[PDB]
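[1] Here we go, the starting part of the complex in its complex frame:
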Amino acid sequence: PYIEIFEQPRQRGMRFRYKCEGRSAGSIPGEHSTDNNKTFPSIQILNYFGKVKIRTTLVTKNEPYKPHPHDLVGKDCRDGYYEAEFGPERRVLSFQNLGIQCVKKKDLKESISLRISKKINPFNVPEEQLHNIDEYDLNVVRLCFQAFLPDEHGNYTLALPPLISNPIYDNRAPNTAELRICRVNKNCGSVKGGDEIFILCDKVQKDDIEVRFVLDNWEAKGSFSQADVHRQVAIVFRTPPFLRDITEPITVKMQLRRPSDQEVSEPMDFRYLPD
């Protein structure tokens, strides 16, 4: 008797809304989820068939998961966390309306004290280790599913192991935003490589970013310095040479990449040409 995540929540593309931004802090989507046939984070209770209760709470991306300041808002959420009873019904439990409301940095402290003075601690993490405000990440959280089964006749106390979902990063924050190449001025260049390209893109961090050409076992970096990143939304760089040379146009894949976590943007075709 344990819990299992059927479909993990998408990690990029969702903004954490502030309280000042309405009540719909959004609805976190699933991984697979598509525009047409969209899906939602869902889990299933293996080794069990019966009435019960589940509690979705937000936790850190840190090895020893401690409650997070941000709130989970939406249908069946109160006090920053979702809780609901579920029947022996369909195996898969989907959770549609699950938004993330983020607290202003000021609220950060006050916020965690209440998680303590509330019992919200699915991992019984050392209370004092929990006041470790200076070190947390308000740009990324994790969903902590906590299913409690029926006790010796009566309510739900038999709690199953707290399962934790993949991390979800706030797309509004520069260091967690999804990588996206908006526009380029040239989709091809010489194999000698040295062509100067202008990439318009979503906010990145000149500190932690790199354009990366790739094909099979081959891969090279676009060539540019930090000064070439314009107001975080544009990169002026030069194409790297291709290994060897060729006689016919050879298209490779070009893409933004973030070293720190190696996250990459959707690729784009770049055709190398014979001199």
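    Yep, that arrived. Numbering: from 1, shown residues only, chains lettered A, B, ... in the order given.
[2] What are the buried residues along the strand or helix carrying residue A:235?
    Assigned by DSSP states H and E, residue A:235 belongs to strand A:234-238. Buried positions in strand A:234-238, judged by neighbour count with 16 or more other CB atoms under 10 Å: A:235-237. Yep, even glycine has a C-beta here, placed from its N, CA and C like the rest.
[3] following that strand, which helix or strand comes up?
    Immediately after strand A:234-238, counting by DSSP H and E, sits strand A:250-258.
[4] Packing partners of that next one?
    Counting contacts by 3 or more CB pairs under 8 Å, 6 or more residues apart in numbering; DSSP states H and E, strand A:250-258 packs against strand A:181-184, strand A:210-215, strand A:263-264, strand A:268-273.
[5] Check the offset of that strand from the chain's centre.
    Relative to its chain's centre, strand A:250-258 lies at 22 Å (CA atoms, centre = their mean, to the nearest Å).
[6] Quick check: buried residues in it?
    A:250, A:252, A:254-258.
[7] which strand is the longest one in chain A?
    With DSSP state E applied, the strand covering the greatest number of residues in chain A is identified as strand A:140-150.
[8] Include this sequence as chain B:
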Amino acid sequence: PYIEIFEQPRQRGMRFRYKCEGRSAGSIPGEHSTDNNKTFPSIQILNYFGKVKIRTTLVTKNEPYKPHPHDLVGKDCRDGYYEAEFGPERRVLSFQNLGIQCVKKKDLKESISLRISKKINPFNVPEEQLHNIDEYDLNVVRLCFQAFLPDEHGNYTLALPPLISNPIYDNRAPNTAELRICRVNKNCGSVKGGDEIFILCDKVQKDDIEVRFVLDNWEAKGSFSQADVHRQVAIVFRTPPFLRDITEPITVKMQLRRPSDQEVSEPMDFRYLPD
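    Let me add chain B to what's already shown:
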């Protein structure tokens, strides 16, 4: 005697700082101010020689000059205005440390009530008129010099006419900002005109901006819609054809321009080439 401005304050390129930003709201420089030989807003008392006092305060850009909410901070500034004495000494009066602290839109009201409950009203502008909150531009102010001469044996009461300087636009705002082309991908194209250019620039407003090519009586606009403006700091457009054809390379002047006020950025050479 009265007061003449020996040097007007530069109108563009200075940010209005918030209180949260510290004690230094910068230092307003005067037009003539070069880089190796920088200058400052200065005025001189004509028709007079002797000890005295002067008071620099901020006023609106509206015909009837009323005190402005923003504060003037810096050496000898207090309660939002600068005041100082000055013996019969040197004619010219330069004011270096003169910064502009801007109030949050919330503070706007509360702010003006205190200018009233303070006497700050160099132009004796009517009461309920000086309450035109929803008509004050927080992006532009004017310096109001008010020199007071010595009275019949005593201090300074003989107040000379309030002089007002040229406007000073809050570079924090895009429509009051200085226009600046940071970088371009091509400095030349065909006279047929149709070459796609990427301009990296300082924050502009897609709503109110246009690239203008010009030479003598000739002038044409770069071609692009709003969607071509990337996050306010980059423009992808196409060069306009040059009038007639040409035998040799003919360089013209390229520059960002803001229709609403016809303010323009510093020009840049664009050479048209014969097909």
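[9] Please reconsider the buried residues of strand A:234-238 now that chain B is part of the model.
    Neighbour counts over strand A:234-238 (16 or more other CB atoms under 10 Å in any protein chain shown) mark A:234-237 as buried.
[10] And stretch A:160-177, by the same measure?
    Those would be A:160, A:162-165, A:167-171, A:173-177, for stretch A:160-177 by 16+ other CB under 10 Å.
[11] Strands - which of those residues land there?
    A:163-164, A:168-169.
[12] With distance to chain B added, can I get these in a markdown table?
    What follows is those, written out as a markdown table (distance: CB to the nearest CB, whole Å):
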| residue | distance to chain B |
| --- | --- |
| A:163 | 39 |
| A:164 | 35 |
| A:168 | 24 |
| A:169 | 20 |
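[13] Could you single out the nearest of the buried residues of stretch A:160-177 to residue A:271?
    Distance to residue A:271 across the buried residues of stretch A:160-177 (CB to CB) is lowest for residue A:177, with 28.2 Å.
[14] Can you tell me the closest non-neighbouring residue to the closest one?
    The shortest distance from residue A:177 to any non-neighbouring residue, by CB to CB, 6 or more residues apart in numbering or on different chains, is to residue A:171 (5.1 Å).
[15] mind adding DNA strand C? sequence follows:
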DNA sequence: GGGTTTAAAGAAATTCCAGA
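    Below is DNA strand C, added to the chains above:
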């Protein structure tokens, strides 16, 4: 001539608010 109070450029954190 390059090393450590500070203030401009620059990125961040909010709050705004209308287009899709």
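[16] Check the buried residues of strand A:234-238 one more time with DNA strand C there.
    For strand A:234-238, by 16+ other CB under 10 Å, it's A:234-237.
[17] Same question for stretch A:148-162.
    A:148-149, A:156, A:160, A:162.
[18] Ok, stretch A:55-67 next?
    A:55-62, A:65-67.
[19] Would you work out how far apart the start and end of it are?
    Stretch A:55-67 has its terminal residues 13 Å apart, counting by CA to CA, to the nearest Å.
[20] now do stretch A:242-257
    Counting by CA to CA, you get 19 Å between the two ends of stretch A:242-257.
[21] Kindly report the same for stretch A:238-252.
    Note: stretch A:238-252 ends 15 Å apart using CA to CA.
[22] mind listing which of the buried residues of stretch A:55-67 are in strands?
    A:55-59.
[23] re earlier: quick one: which of the buried residues of stretch A:148-162 is nearest to residue A:213?
    Once CB to CB is applied, the member of those that ends up nearest residue A:213 is residue A:162, at 42.7 Å.
[24] Residues touching stretch A:83-95, excluding its own?
    By CB atoms under 8 Å, 6 or more residues apart in numbering or on different chains, the list of residues contacting stretch A:83-95 from outside reads A:6-7, A:30, A:39-45, A:49-56, A:76-77, A:82, A:156.
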